[PDB]
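So the structure is just underneath, and the comments pick up after that.
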Amino acid sequence: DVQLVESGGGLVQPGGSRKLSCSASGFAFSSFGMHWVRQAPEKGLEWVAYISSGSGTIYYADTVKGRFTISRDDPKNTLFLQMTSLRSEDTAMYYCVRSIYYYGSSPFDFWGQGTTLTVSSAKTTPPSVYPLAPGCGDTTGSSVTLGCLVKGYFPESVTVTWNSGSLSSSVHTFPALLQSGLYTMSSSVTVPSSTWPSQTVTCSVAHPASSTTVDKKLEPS
Amino acid sequence: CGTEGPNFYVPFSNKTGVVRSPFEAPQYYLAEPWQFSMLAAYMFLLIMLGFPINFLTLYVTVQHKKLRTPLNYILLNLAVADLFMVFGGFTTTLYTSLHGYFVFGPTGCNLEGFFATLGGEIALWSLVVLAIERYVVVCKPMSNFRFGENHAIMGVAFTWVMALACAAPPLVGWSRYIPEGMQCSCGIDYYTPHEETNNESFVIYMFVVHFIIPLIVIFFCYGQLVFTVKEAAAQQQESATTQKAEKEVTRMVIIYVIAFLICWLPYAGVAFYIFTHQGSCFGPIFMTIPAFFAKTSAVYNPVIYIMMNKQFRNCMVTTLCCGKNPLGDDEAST
Amino acid sequence: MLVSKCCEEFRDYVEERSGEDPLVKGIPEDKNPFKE
Amino acid sequence: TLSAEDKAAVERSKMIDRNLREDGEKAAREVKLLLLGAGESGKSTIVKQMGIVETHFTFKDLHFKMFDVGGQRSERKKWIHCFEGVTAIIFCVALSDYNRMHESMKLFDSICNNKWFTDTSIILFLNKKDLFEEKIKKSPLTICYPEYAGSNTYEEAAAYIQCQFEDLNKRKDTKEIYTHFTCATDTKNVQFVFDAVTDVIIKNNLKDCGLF
Amino acid sequence: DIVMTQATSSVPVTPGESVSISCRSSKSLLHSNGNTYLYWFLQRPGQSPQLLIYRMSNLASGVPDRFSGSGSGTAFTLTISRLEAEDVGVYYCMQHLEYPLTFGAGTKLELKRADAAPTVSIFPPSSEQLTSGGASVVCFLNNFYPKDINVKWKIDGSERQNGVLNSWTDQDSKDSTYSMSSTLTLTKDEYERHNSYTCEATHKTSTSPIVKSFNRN
Amino acid sequence: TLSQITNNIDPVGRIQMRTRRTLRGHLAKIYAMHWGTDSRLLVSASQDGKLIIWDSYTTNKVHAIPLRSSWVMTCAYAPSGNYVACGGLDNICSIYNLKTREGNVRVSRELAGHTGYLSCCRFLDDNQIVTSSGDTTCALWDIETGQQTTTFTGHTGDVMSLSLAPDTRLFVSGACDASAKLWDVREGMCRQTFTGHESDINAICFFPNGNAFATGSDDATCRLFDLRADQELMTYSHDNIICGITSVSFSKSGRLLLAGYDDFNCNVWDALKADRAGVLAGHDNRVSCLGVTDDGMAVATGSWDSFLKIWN
Ligand SMILES: *[C@@H]1O[C@H](CO)[C@@H](O[C@@H]2O[C@H](CO)[C@@H](O)[C@H](O)[C@H]2NC(C)=O)[C@H](O)[C@H]1NC(C)=O
Ligand SMILES: *C/C=C(C)/C=C/C=C(C)/C=C/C1=C(C)CCCC1(C)C
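Chains as they are written, first to last, in our numbering: chain A, 658 to 878; chain B, 80 to 413; chain C, 5 to 40; chain D, 9 to 220; chain E, 3 to 219; chain F, 2 to 313.
Now the structure itself:
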């Protein structure tokens, strides 16, 4: 029934501005109140903004009172959130949240799909992906794990598959970390010493900002 | 002809030395004391008549819940006008009549004149917008208008606006409040030659705003209304009850015309003749008369509106011995 | 089964109900949201 | 001490109460032009150029409403007990298919000064009054009435119908009955009832605005 | 402002038993109206949160009745009668007494299993990583329990502090394990100056640190 | 009898019913109102096409519901707290579902099939509904699918209103030929018929144990009745009043009795000593229907005033 499609994510230059929109459909947009809520990376969540029925009553939190703007457009079912003076400490996923208030009524009881806002000077960079394997005097037992390390990039996320997705359980995937502000992450697969060198196994990196997919076959010493 | 002064002006001869200010001395040296005696006696009569009607007015207002319609607020504002005048115009002048002179100074003069003239103006605009609301309800001159409570409350707002439009200016020195005529009354200068309080501007303002415009709009609304009832009663040349309604509508409109004209037309006649005959001299007995009939008109303002509305002159049927009005449950169980 | 018996039954239900009724027993205003 | 979190819970009550009252705005700008009677009542050509029934016909800047039942002495308890605010009793009556006249006598005795709708405005339309002038001569109305005390014409006939409505009135004064002498039924009646309801709303204004 | 208080991480409860998670307040959150205005949220990973308990006392739509709430005037605890395989994830407390609202801090509900063996792997940088200059020696560590673990780095036998980065996955539920990878970010000279290199892992499951090594020779 | 057996009961005193809460809002006559079940919410039905449910504690408007047809004679409220039930003239028994729908409250069943006007409706649970119309007959229904499951006959006149005893399994009926009949809900053979009035009976309710009831009528002569006895038990009549009595509802203890009249008062009666126990003035117009809560804490009146009043 209910579709709360966010729109307006992506990268924002610091101290700048951006509008957000929740395409709302399936529910009578008049008699509800909206809440904007924010979820930081690996932090506790936090309340931002309230608008009521009747489009008048407006509340903010501490740090963004006076710099954010909440409004609703009832012929367009549309929650506008204009943010101004955006800084790195609000790089977060936001949600827009349905509400309804009276006695025996249930606030917050639906949630959006969420969207990403990222405040950095980080330009979009094609990454550098590297294969990892045994070396010079490095000897072989039964099976060997073989890994791919992607370093030095910025979308928020990249992806990597394996021979266009040819194995799932032996692949593990280590999430990312900042280093000089550059994202870095890795993933891995483990194969026996018989299946390789006898088969072709290729890690496959997609870069969803610049749309760049480079594939690397595993190689021995 | 007269005698000036800083706060006082008496139109009487001070070549015989007898003129002193009524802040200073009793004014029996020009008037008979029995004049003041009979004046005080009929002031006593009119206060005794004019208070209990406003008493039972607000008592029948609050007690019977049927009556606080959007079509009845202006009778309540007229009752406020009569209450202001009964409290703050009458007994103070009665007090100074028992003295035969004034005792309160120009500050108490400003007070007493403020209360009295403010009540008079509120009564004026009560008459005005009663006429306007009956015009708009019966005629519908603008296409697609209908009446809510909000327009009546905005009307009461307009009454207080036109109240302030007169009660203010002698507070800010442009033409002041003084004792006046026989000086037992306080009010506004309008007849002493003095451009320093800038009198003629306030004369034009008062005359046009508070007398010409209201007279215009009451004759306008009542002409359109009476001709409308003539047209409607002409559409049905065989209804008796519509022709009844025609006759008592004509009767009551002509009654309100007579009442309003007697209520104000003397003051306009005074300013009329004096500005017509600029520089003329008179007596304070002469000048006293129109204010006397003005406060008399403040007495008969319940007579024309309150004491004759059919829906509301049930009250005097139920008043003259006891009191019981519809929370007495005229129910007629069938 | 005649009437006075049933009326005694009606009694016997009415009797031990004053402690629950907030009207006949009446009510203190702190024990009612009807303060204004 | 109630300044706690319910500043939507009263704010909702403002948002619902404004749209509560603004339903009353386009209430009563219309009036309710109500169809009554039985068969042969002559309101089919009325409703021709014009649940149970409504309509929405307008003429000269005033939208109208209109509703319909029929079959008196059993449909009475409907509208005496649970109608309201009628400005138009269209008491269309059959004139050659009657009986159903003491129907009207005891009905108008029951309605005229009972506490719910003493203040009704009962307007008769002798629809197809040529059928009435035919019926009173083919059948002298002394069959229905003992006290037929007039001549042999239409004026005292229609006036005596107006009598025998209000002959069981017995304590009141008037109704101001707007008897359209109904012509050949494709006739201009919209103007008739138009300024008729104009005069009834004018007298409803003046009864409630001081001037009588 | 008013502060909610939780415990951050918690015991993996065994799938099939009850569990209880608390949160308490920096003020008496009960108002004179009668009911304390408190909110218990569920969030699954990679998802969007639906609520569990509105106003401290009541389950919501589309939630089974195993989420029995418990309330004082000040301290509050949600009790689950049985941990099913799908109530995994993060829990939040969030009061609703005044504006603005702060939330809790998050508390994780996990899965409990046996011990597991740390699977170890060492990797020196191959040739194009060598041409990158700042080398990258990695050590992978898989399928072990819990991810509380320690890593030692004897570079020419020397327990090097700098250049050590660590990264943990979440509870990979295809085998209910954890997996951690650590890199050794190096320069050119930090690579060339030494000869011997050891990763040494220490997990709870034994006293023996598992060693993996190589030599630049 | 009751009356000559009442020789043991010490009197009750005089108790002030203080007019606590005044509900504004309406614009027309109000033909109907009825409660929640946690003694807090109140449905209310008035002539101007809107249908209002209410939180009497904090005294503010909770919902107003559009109808498409502007004629009401009843409304009931489901003891879940999810279904409102609005009737009418045009036989469209409109069931609206409150909570589970998101935003709206729209119909899920228009029970159609009654010939004449639909007089009263009462809920059992979220399943069924018992209804009474002008078709001389009444019916139990099944709103899950819309089949008129069971329908009972017997009268010669239009039905006016209908009543439950809260163990949900008996019902009793009132119709314009001065008839009050008993029907067991499930089977419903023609059990027994009740006379004693001369008027079309206009209200009836049940003594909350489940053993007796009482009828109020506009011939100003209320009565009380056993489940078995078929004759008069206790007569209720101010000898000085001949304007009739529009609605009736017992209090929680069964010590009291409400009645609103045509002279715009609600006399509160002792349910024991046949006395005027007290008086309720303040009504602008005639008391349409009055309602006691489920604990007898408050009591409420809806009248033609376009207002509701809360007595304590
Ligand atoms: C009227 O004029 C007379 C003089 O013609 C004034 O009388 C004098 O007033 C002053 C001050 O009050 C006294 O000092 C004199 O003694 C008075 N004259 C005599 C002969 O006694 C009188 O003040 C004037 N009155 C007014 C009101 O202006
Ligand atoms: C108790 C005394 C009362 C109510 C008198 C009040 C006086 C006025 C409202 C003023 C009237 C005029 C002027 C002196 C100047 C212009 C012409 C008039 C008639 C408006």
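For each residue, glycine too, the CB sits at the ideal point set by N, CA and C.
| query | result |
| --- | --- |
| Near-chain F residues of the region 28-50 of chain D - C-beta to any C-beta below 8 Å | 28, 29, 31, 32 and 35 |
| Cross-strand partners of residue 4(E) (DSSP beta bridge) | Paired residues: none, contrary to the question. |
| Contact test: residue 285(B) Cβ vs ligand 2 heavy atom, cutoff 7 Å | yes |
| Short CB-CB distance (under 8 Å) between residue 32(F) and chain D | yes |
| Where the alpha helix (DSSP H) through residue 22(D) begins and ends | 19-29 |
| For residue 67(F), the three-state DSSP class (helix, strand or coil) | strand |
| Proximity to residue 199(B) [Cα-Cα], best of 225(B), 339(B), 349(B) and 411(B) | 339(B) |
| Under the three-state DSSP convention, the category residue 156(B) falls into | helix |
| Partner residues on chain B for residue 243(F), Cβ-Cβ distance less than 8 Å | 412 |
| Outcome for residue 113(B) when other beta-carbon atoms lying within 10 angstroms are tallied against a minimum of 16 | exposed |
| Reduced DSSP secondary structure (H/G/I, E/B, other) of residue 606(A) | Residue 606(A) lies beyond the residue range present for chain A, which begins at 658 and ends at 878; the question has no answer from this structure. |
| Proximity winner among 303(F), 306(F), 299(F) and 58(F), relative to residue 312(F) (alpha-carbon distances) | 299(F) |
| Beta-carbon spacing of residue 122(B), residue 169(B) below 8 Å | yes |
| Three-state secondary structure (DSSP) of residue 162(E) | coil |
| Minimum Cβ-Cβ distance from residue 261(F) to chain C less than 8 Å | no |
| Contiguous alpha helix (DSSP H) assignments of at least 4 residues, all confined to the region 114-162 of chain D | 137-146 |
| Cβ-heavy atom distance, residue 196(B) to ligand 2, below 7 Å | yes |
| heavy atom of ligand 3 below 7 Å from residue 86(B) C-beta | Ligands in the displayed structure: ligand 1 and ligand 2; ligand 3 is not one of them. |
| Chain F contact for residue 97(D) (CB, 8 Å cutoff) | no |
| Same chain, Cβ closer than 6 Å to residue 264(F), neighbours up to 5 away in sequence not counted | 244 |
| Residues bridged to residue 182(F) (per DSSP) | 174(F) and 194(F) |
| Rounded straight-line distance, which links the Cα of residue 170(F) to that of residue 189(F) | 11 Å |
| 9 Å Cβ cut-off: residues of chain A touching residue 138(E) | 787, 789, 806 and 808 |
| Heavy atom of ligand 1 within 7 Å of residue 99(B) beta-carbon | yes |
| CB contact check: residue 217(D) to chain B, cutoff 8 Å | yes |
| C-alpha gap between residue 36(D) and residue 348(B), whole angstroms | 48 Å |
| C-alpha distance - residue 130(F) paired with residue 222(B), whole-angstrom precision | 49 Å |
| Contact under 8 Å by Cβ, residue 5(E) with residue 20(E) | no |
| Buried versus exposed call for residue 107(F) [16 or more other C-beta atoms within 10 Å across all chains shown] | exposed |
| Classification of residue 80(B) by the beta-carbon crowding that lies within 10 angstroms, buried from 16 upward | exposed |
| Chain E residues whose Cβ lies nearer than 8 Å to that of residue 768(A) | 50, 51 and 52 |
| Within 9 Å of chain A by C-beta, residues of the region 65-86 of chain E in sequence order | none |
| Residue 266(B) CB to nearest heavy atom of ligand 2 below 7 Å | yes |
| Straight-line gap, residue 46(D) to residue 113(F) (C-alpha atoms, nearest Å) | 26 Å |
| heavy atom of ligand 1 below 7 Å from residue 93(B) C-beta | yes |
| Helix, strand or coil at residue 204(B) according to DSSP, with G and I counted as helix | helix |
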